[PDB]
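Here the protein sequences come in this chain order: A, B, C, D, E, F, G and H. Take the numbering used here: the last position of the first sequence gets the number 26, and nothing is skipped along the way. Take the numbering used here: the last position of the second sequence gets the number 52, and nothing is skipped along the way. Take the numbering used here: the last position of the third sequence gets the number 78, and nothing is skipped along the way. Take the numbering used here: the last position of the fourth sequence gets the number 104, and nothing is skipped along the way. Take the numbering used here: the last position of the fifth sequence gets the number 526, and nothing is skipped along the way. Take the numbering used here: the last position of the sixth sequence gets the number 948, and nothing is skipped along the way. Take the numbering used here: the last position of the seventh sequence gets the number 1370, and nothing is skipped along the way. Take the numbering used here: the last position of the eighth sequence gets the number 1792, and nothing is skipped along the way. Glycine included, every Cβ here is placed at the ideal spot set by N, Cα and C. This report concerns only the one structure given below.
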Amino acid sequence: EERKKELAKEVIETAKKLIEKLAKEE
Amino acid sequence: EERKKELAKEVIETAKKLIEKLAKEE
Amino acid sequence: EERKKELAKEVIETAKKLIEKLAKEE
Amino acid sequence: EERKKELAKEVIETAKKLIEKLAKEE
Amino acid sequence: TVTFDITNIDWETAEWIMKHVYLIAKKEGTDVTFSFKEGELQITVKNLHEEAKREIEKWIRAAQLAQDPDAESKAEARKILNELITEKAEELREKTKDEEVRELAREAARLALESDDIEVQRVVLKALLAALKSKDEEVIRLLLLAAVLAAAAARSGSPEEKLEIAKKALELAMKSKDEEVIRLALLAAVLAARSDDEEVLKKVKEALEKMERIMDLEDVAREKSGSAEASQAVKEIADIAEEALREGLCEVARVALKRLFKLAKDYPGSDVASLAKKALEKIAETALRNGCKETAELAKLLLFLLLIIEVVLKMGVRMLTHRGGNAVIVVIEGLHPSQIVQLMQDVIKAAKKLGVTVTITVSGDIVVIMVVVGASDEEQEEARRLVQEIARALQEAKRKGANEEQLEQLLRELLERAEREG
Amino acid sequence: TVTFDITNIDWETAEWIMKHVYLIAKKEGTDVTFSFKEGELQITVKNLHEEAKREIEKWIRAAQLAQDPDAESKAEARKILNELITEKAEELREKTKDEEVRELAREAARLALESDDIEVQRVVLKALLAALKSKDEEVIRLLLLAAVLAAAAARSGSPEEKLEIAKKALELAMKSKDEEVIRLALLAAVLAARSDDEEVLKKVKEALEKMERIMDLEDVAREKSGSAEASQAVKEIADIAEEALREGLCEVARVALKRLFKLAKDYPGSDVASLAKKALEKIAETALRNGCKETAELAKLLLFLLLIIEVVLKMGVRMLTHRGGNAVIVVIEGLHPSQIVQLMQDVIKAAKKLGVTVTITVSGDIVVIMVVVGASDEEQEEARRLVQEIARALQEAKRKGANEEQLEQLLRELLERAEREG
Amino acid sequence: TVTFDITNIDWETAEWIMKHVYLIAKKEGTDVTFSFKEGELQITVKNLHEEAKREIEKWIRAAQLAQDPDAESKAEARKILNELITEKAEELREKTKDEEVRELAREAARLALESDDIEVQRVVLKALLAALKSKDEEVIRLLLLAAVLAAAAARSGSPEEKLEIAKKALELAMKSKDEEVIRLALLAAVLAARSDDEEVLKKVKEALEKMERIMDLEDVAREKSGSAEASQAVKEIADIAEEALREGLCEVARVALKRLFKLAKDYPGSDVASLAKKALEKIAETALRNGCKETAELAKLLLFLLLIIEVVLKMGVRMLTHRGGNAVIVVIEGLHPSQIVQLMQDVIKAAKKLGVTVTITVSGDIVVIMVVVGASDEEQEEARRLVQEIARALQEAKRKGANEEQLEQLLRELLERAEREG
Amino acid sequence: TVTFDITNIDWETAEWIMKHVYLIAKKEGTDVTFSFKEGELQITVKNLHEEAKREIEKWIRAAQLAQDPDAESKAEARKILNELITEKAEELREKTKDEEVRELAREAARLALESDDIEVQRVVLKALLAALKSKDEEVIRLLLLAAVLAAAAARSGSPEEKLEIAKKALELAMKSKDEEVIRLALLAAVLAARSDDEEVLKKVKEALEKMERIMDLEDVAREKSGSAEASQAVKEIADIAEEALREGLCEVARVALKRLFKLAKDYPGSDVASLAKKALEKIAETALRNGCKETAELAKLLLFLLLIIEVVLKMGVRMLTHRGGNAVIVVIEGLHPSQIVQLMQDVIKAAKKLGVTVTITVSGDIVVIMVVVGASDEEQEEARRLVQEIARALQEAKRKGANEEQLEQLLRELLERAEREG
């Protein structure tokens, strides 16, 4: 499980960062 | 014949070009 | 006596200078 | 005669020029 | 004044609460004070409306119970999080105006309700909190596609293949600078994350990496511009575009076409741009040999668009440019009569090469050009009606005294009219 | 709206159609749409007048019949081309005012009527369309001279010498940028084209060759300015002016004079210009020894203009400047009183060298100068009256508060008056 | 007119007379003439008031009798100068507001009364005259501290150690530009001058030397910034701050913090500033371990202040930067919503390490931040009131349309209100 | 209009005619035309008055008579030229206020009437014509002195040394840019030209040589400024000032002082200027020890003037800096109160060595300084009255809103008032 839990946190963080990137030009 | 036809086409083209060159100015 | 009289004049003159240096920025 | 006659011409011309310079700079 | 007070709060929970509260206060149009300690948070708001007060209370309760080591508190947190998420997801439905966006929204809410993980739930909530503010329904598509992708990839039974696909796709989305590419990547990744078919996963993972190769080559070509290395990279971009057409995943070829078009547009008259036009022709020929209609039409479209941009730059005049699914329009302004003749001359000089249907309209000191391909005779006659109407609207507005910035706005409103008359 | 359509049409034929149709639509002040395919052309216009509609319909008909491989269609095209050409040639008569231009137009239509070739007819048609556009009659003279030269050189059964001459002259006109040289070259070529004497052909060909030598030498001198190579080019220009005078080909000498004058005006204070001034004196003496009055005085005339320009640059002020066939005028304003005395002294100093008959007039803060040569006592007294009237008009225009742009046109209107009180 | 006339006057006496006379005439708003010789001075004023005329007469009388070789004349001068000192000191006592100044003024007049020397009396007069003109009660405190220090060191029968201390301090004040440090140095020197314990003299002399080492290293670091030598000098400044804490020399420890803070603020983002922040943490930890409470709080304040300044520079926005005793405030205006969210991360991220009590308030498009430490929770609640009222006032000031200069003044008037509500 | 016609005229005669006639037309404020040939001149004038017509006619008659080979024509030329000269010399009289200028005019007319030479008489007429145009009676003094010098040196029986002296003096009058030096040279030359005694000739020739040495050294020092050669040249200029004072001449010493003063004022604060100030004190000491009162006082004046200028430049403030005979004045404007006291102190710091009688007056934001030397104490009291009045007028004018140029004019009007109240 641990590698998947880390990859999930990486996906979530990347998604938060992407939500910021999509928002910040608006 | 053929060289005269070419020279005529060159004259004609140069005339069309010169006509445009003149018409541009005033 | 004399070295103290000199030091006192140097103090007084430095105080004069400092008074001007304080006042100048107002 | 000759050096005097030329000196007179040179003086008179210098004066003519000086008169114009004095008129210009006022 | 209205006040909140939040005991035994862990720092990461504290670093949440203010963010959400501030966004609600900025929605309600009210001022706020916040104060922080190790283990405690205090907040006060000007005369907060009870509906927002209840939502802030719900969030505060959820935050404490999400921190709490008790499993029943974490279960109640999952419930309140999904409850708030469901209300926000519902709040988006009436606001949104595209049915595929409404499908994506409903799917996101459903995926969140199936999700075991409060952190997934919170980023889905963050996406919805962005979407509710967002100005562009296409940015809402990007947001919700990212939300869906995160949720659907993060699932408790998800293969590492799906997680790798999502990571590649999101990194490509973060690296990219053109929203259209982000869409084409994320959509394929969402289709993979929805599916369970390992062939679809494999195809999408290769396609995303081929998009990454394209993206990286464009970065290399751009940042090293004015070089034999950039000139070599043009060939390699075009050759990956050719491989993409030979494989038939032609949505990535649409990416590669657009990447070449950006490079060509960004460096006029260059040897790079001179290579790019010749490449775009071979890519068009390759797309015609493979019958990939929208892609082939896109290659023609980009070619003609480069040519009118090149005519405009050689004339040194003002122009405006906008784009659509099966046509291009370019508007020329202040064109001198000899340049009206010469632009007309050059439009034909382009047309008799490319084979496009094309229409040109002259009014006042404006010329409107429209180009279209693959459409029927009747759709082309309606496009002919539209370009004539676009010229009428533009020149009659300019006659009514429309300023340059108002005509620049008007092309957006006319592009919307051209969708509304569909 | 009004609409037309055209079938099985060649691309080159379509290019000729659109240009000519657009010109008619712009002449009628109306908006247009065109649309293209390989083989077809749709045209639409706002509310086109029946007469312009008939002209466009005739031209479309003629275009199809001019594409058509049937000789009887091409015969009807030759007829309708001649018809349209003839109507345009008539349209030019009332607009034009110089009788030499009216003769050139009349003769051009006559030369067109003899022609076997639709592309000669096209040249004639384009020239006449340009003349109808033209604001300036001297451009009309240049246009018509080119038309005449094209037709008169193009004729069935022509010597190759005429074609070679025409090519040399038109290539010179394409290279050159001094309108009087173009006129002098084309006029000589038109006389050669209208004549059939091989000695006239030979003379004009050597003359055009030497005109071109001088033109090339001016490019060499100008682009190599500040060098011994530019000094060598001045020496050759001067010695070619001596050749031109020894050959009696006085138009060439007229060219050579201006070719020095441009260099002298463009590079003030230089050794190059200092050589050119000395050359113009050599050329003046060389011309006085041969007795061609126009060139012989023109060398003096240019010299005095250079001398005024030199002292006016030493005063550091802008001037009006103009021209006539036997006189020159320069006007100065705001000049300091000591500089008025100096300019006076210098103008007399210039005359004391060149022997040019001269007059100077001063009013307000305005100095008007006129020089005149070879004119009789009565023509000189009329010129004296005129320069005094020019001073009155210029001072009354300064009483109206006129800026120099209006004064340069007022000197044109006063030059017209001078040629029309006589 | 009014006129004065003075004879057998020595050149230094002449310099003495004019300067104060002009300052009196400028105080009375009246025009003047002076005229000079070897041995004579005459002065004329527009219609001077008899009371000011009597002051000029007293000053003149004192000047002559202070020049006079007769001891009884010099005694009469000592009496007139003491009379003027007493009058001006009483004027200062009425005019002033600060109780420490109202202590210092009385004490200075007392030291002058003890004095034997016209020259001390004259600089005492210059100080008092500067104080009567002075704008700031703290500049009056600096002036009077210098006056006291001069007098208390000058007294007859003093040890040379007091003179050396005074000389060191007054040289340090002439070298420096940092007002608060000058205050701290002079205060310590005044306490040493008033005391008679040779250990207190020794301690203050070592302290003033370490203040001087601290200023010298600050000059090295500031003027040689970006060098490895300046990068070394940071470590020296910090280690001397650690000496100051190990020795418990409380005022100079406060000095040393402010020196590092200035360097960091003047060279943001640098390696030098990166060393300085780490040093300030080291010094803060050292101050916490040694129980130097007010100094430790000052170090913590300066840390948080740098962190806000540097995240504000990363935001690239205008701010109001201000200060007070044992609390810090910064205000931001026009901040982007995403930067509000980022600040709402960063402030909390800073607090998580630094351990402060902190408050942040958002109103309209203004953010007010306040930080406080060591205060009891009721004083923290009054600070919480104050920051909210500071936001209310600043919002109302932007609602009144106030520019930042008036806001920085409003923060002074709010700082004074916060002291007066104490 | 009126017309004139002038047969068989030589070119130099014709050049002389227009130069006069244009100046008459410009004096009459009227429009004109002129026309020129080999051997003939014609002139036409607007609205010409009969008295001016008679002047022009006399000039033209005289021009013919001065060209004629006949001695009886040249006698009538002398008569008519002397008649015009006499009438214009009479026209000059009541233009003037200064009786020395009236005596110069009276003597110029006498010298011309006594003269044999047309060429002198014409240039004398040009000088008188320039004097009529002149604005400044000091420039009239220069003009007339040059005229007198030319005439007095040109005399038919003259020693040849006088022609050399006149040439040397006029060459300096042309080389210089300092009207006071031009006067000093020309006056000495006129006194020489008048002399029956060769000792005066010898003295003046050597004096003009030393004036030349001084002027040439200033060119060396200026064009090589900042060099060791310029630094050496300063010493040598001062050595000629020592030659002059050893030779008892105050006149050339004024020149030498002025040339140093110019160098100092044109290169403030420099090592060159630092040598110059020290030299000016050496020259002052030398002049005092030799009893050369006028130039000794001038050295004092220029010394203090440099010191005021340099303390002003060290303060960076505006001043005004007019001069008079045997006194110096400087006005300081916008001076900050600390600078007011400091400048007043610096005036003492100068006076304490220089020993000059000095008065300083302060009003509003204006300081007026005046210095005087060698005057009786009643003249010093009138100077005191004047400086006080100058301060009143200046500050009342600035209170009345007077600008820089208006106050600059007021110092001219006050400088005249200081002579008109004498």
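Inset, instruction - Give a yes or no on contact between the stretch 1329-1342 of chain G and the stretch 1372-1390 of chain H, applying the rule of three or more CB pairs nearer than 8 Å. - result: no
Legend entry - Strand pairing of G/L1268, partner residues [DSSP]: Here residue 1268 of chain G is taken as the residue at index 320 of the seventh sequence, counted from 1. BP columns for G/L1268 point to G/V1279.
Legend entry - Inter-residue spacing [alpha-carbon to alpha-carbon] between E/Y371 and G/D1219: Mapped onto the fifth sequence, residue 371 of chain E falls at position 267. Mapped onto the seventh sequence, residue 1219 of chain G falls at position 271. Going by the C-alpha atoms only, they are around 39 Å apart.
Inset, instruction - Could you tell me whether the stretch 689-701 of chain F touches the stretch 654-663 of chain F, using the rule of 3 or more Cβ pairs below 8 Å? - result: no
Legend entry - With 16 other Cβ atoms within 10 Å as the buried cut-off, status of E/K266: Translated into positions along the fifth sequence, residue 266 of chain E becomes position 162. E/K266 comes out buried.
Legend entry - Continuous beta strand (DSSP E) stretch holding E/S139: start and end: Sequence index remark: in the fifth sequence, residue 139 of chain E carries index 35 (1-based). 136-141 is the span of the beta strand (DSSP E), which, as asked, contains E/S139.
Inset, instruction - For H/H1706, count neighbouring Cβ atoms within 10 angstroms of its own Cβ and tell me buried if that reaches 16, exposed if not. - result: Taking the first residue of the eighth sequence as 1, we reach residue 1706 of chain H at position 336. H/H1706 comes out exposed.
Legend entry - Contacts around G/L1363, its chain only, beta-carbon distance under 8 Å, and the 5 residues preceding and following it disregarded: Walking along the seventh sequence from the start, residue 1363 of chain G turns up at place 415. Closer than 8 Å at Cβ, skipping near neighbours: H1270, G1272.
Legend entry - 4-residue-minimum alpha helix (DSSP H) runs that sit fully inside the stretch 1058-1130 of chain G, ordered along the chain: 1066-1081, 1085-1102, 1108-1123
Legend entry - Sequence-distant residues of the same chain with beta carbon closer than 6 Å to E/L249, five excluded per side: Taking the fifth sequence and counting its residues from 1, one reaches residue 249 of chain E at position 145. Contacts found: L290, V294.
Inset, instruction - Return no unless some Cβ of chain H is closer than 7 Å to the Cβ of residue 118 of chain D. - result: Here chain D comprises residues numbered 79 to 104, so residue 118 of chain D is not present and cannot be evaluated.
Inset, instruction - Tell me whether F/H546 is buried or exposed, calling it buried when 16 or more other Cβ atoms sit within 10 Å of its Cβ. - result: For this step, residue 546 of chain F is matched to residue 20 along the sixth sequence. F/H546 comes out buried.
Inset, instruction - Give the straight-line distance between the Cα atoms of E/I413 and F/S682, rounded to the nearest whole angstrom. - result: To locate residue 413 of chain E, count along the fifth sequence from 1; it is residue 309. To locate residue 682 of chain F, count along the sixth sequence from 1; it is residue 156. Cα to Cα, the separation comes out at about 44 Å.
Legend entry - C-alpha distance - G/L971 paired with H/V1711, whole-angstrom precision: Position 23 of the seventh sequence, counted from the start, is the residue given in the question as residue 971 of chain G. Position 341 of the eighth sequence, counted from the start, is the residue given in the question as residue 1711 of chain H. Near 8 Å, if we compare the C-alpha coordinates of H/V1711 and G/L971.
Legend entry - For C/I71 and G/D979, the rounded distance between their alpha carbons: Walking along the seventh sequence from the start, residue 979 of chain G turns up at place 31. Walking along the third sequence from the start, residue 71 of chain C turns up at place 19. For G/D979 and C/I71, the distance between alpha carbons rounds to 25 Å.
Legend entry - Partners in chain E for F/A919, counting only beta-carbon separations shorter than 9 Å: Stepping through the sixth sequence from its first residue, residue 919 of chain F is reached at position 393. Those within 9 Å of F/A919 in chain E number zero; the least Cβ separation is about 35 Å.
Inset, instruction - Have a look at the DSSP bridge pairing and note the partners of G/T1305. - result: For the purposes of this step, residue 1305 of chain G is identified with residue 357 of the seventh sequence, where counting begins at 1. The partner list for G/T1305 (beta bridge, DSSP) reads G/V1320.
Inset, instruction - Can you give me the start and stop residues for the alpha helix (DSSP H) that E/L410 sits inside? - result: For the purposes of this step, residue 410 of chain E is taken as the residue at position 306 of the fifth sequence. Run containing E/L410: 397-419, per the alpha helix (DSSP H) assignment.
Inset, instruction - Check whether the Cβ of G/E1330 sits closer than 6 Å to any heavy atom of the ligand SAH, and report yes or no. - result: Among the components of this structure there are no ligands whatsoever, and the ligand SAH is therefore not found.
Legend entry - Where H/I1379 sits in the DSSP three-state scheme: Here residue 1379 of chain H corresponds to residue number 9 of the eighth sequence, with the count starting at 1. Of the three classes helix, strand and coil, the one that applies to H/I1379 here is coil, per DSSP.
Legend entry - Closer than 8 Å at the beta carbon, the chain F residues around E/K456: As a first step, residue 456 of chain E must be located in the fifth sequence, where it is residue number 352. Under the 8 Å cutoff, chain F gives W537, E564.
Inset, instruction - Using a Cβ-Cβ cut-off of 7 Å, state whether E/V415 counts as contacting chain F. - result: Here the question's residue 415 of chain E lines up with position 311 in the fifth sequence. No, its Cβ sits nowhere closer than 7 Å to a Cβ of chain F.
Inset, instruction - Give the DSSP-derived three-state secondary structure of A/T14 in the structure shown. - result: Here residue 14 of chain A refers to the residue found at position 14 when the first sequence is read from its first residue. Of the three classes helix, strand and coil, the one that applies to A/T14 here is helix, per DSSP.
Legend entry - Contacting residues, own chain, Cβ-Cβ under 6 Å from G/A973 (five flanking each side not counted): Residue numbering aside, residue 973 of chain G sits at position 25 when the seventh sequence is read from its first letter. Here the set comprises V980, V993.
Inset, instruction - Please go through the stretch 332-375 of chain E and give each complete beta strand (DSSP E) segment of 3 or more residues, from N-terminal end onward. - result: none
Legend entry - CB contact below 7 Å: residue 962 of chain F versus chain E: Limits of chain F in this structure are 527 at one end and 948 at the other, which puts residue 962 of chain F out of reach.
Inset, instruction - Mind the definition here: the stretch 754-767 of chain F touches the stretch 800-814 of chain F only if three or more C-beta pairs lie below 8 Å; say whether that holds. - result: yes
Legend entry - CB contact check: E/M278 to chain A, cutoff 7 Å: Translated into the one-based positions of the fifth sequence, residue 278 of chain E becomes position 174. Yes, E/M278 counts as interfacial toward chain A.
Inset, instruction - Measure the beta-carbon distance from G/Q1328 to G/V1316 and round it to whole angstroms, keeping in mind my assumption that it falls under 8 Å. - result: Within the seventh sequence, residue 1328 of chain G is the residue found at index 380, counting from 1. Within the seventh sequence, residue 1316 of chain G is the residue found at index 368, counting from 1. Going by Cβ atoms, the distance from G/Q1328 to G/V1316 rounds to 16 Å, so no, they are not a contact pair.
Inset, instruction - Pick helix, strand or coil for G/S1311, following the three-state DSSP scheme. - result: Taking the seventh sequence and counting its residues from 1, one reaches residue 1311 of chain G at position 363. G/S1311: strand per DSSP, three-state reduction.
Inset, instruction - Can you tell me which of G/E1352, G/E963, G/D1294, G/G1282 puts its alpha carbon nearest to the alpha carbon of G/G1312? - result: Indexing the seventh sequence from 1 puts residue 1312 of chain G at position 364. The residue with the shortest Cα to Cα distance from G/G1312 is G/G1282.
Legend entry - Candidates G/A1102, G/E1154, G/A1140, G/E1051, of which the one nearest G/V1072 by Cα: For the purposes of this step, residue 1072 of chain G is taken as the residue at position 124 of the seventh sequence. Selected option, being the one with the closest Cα: G/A1102.
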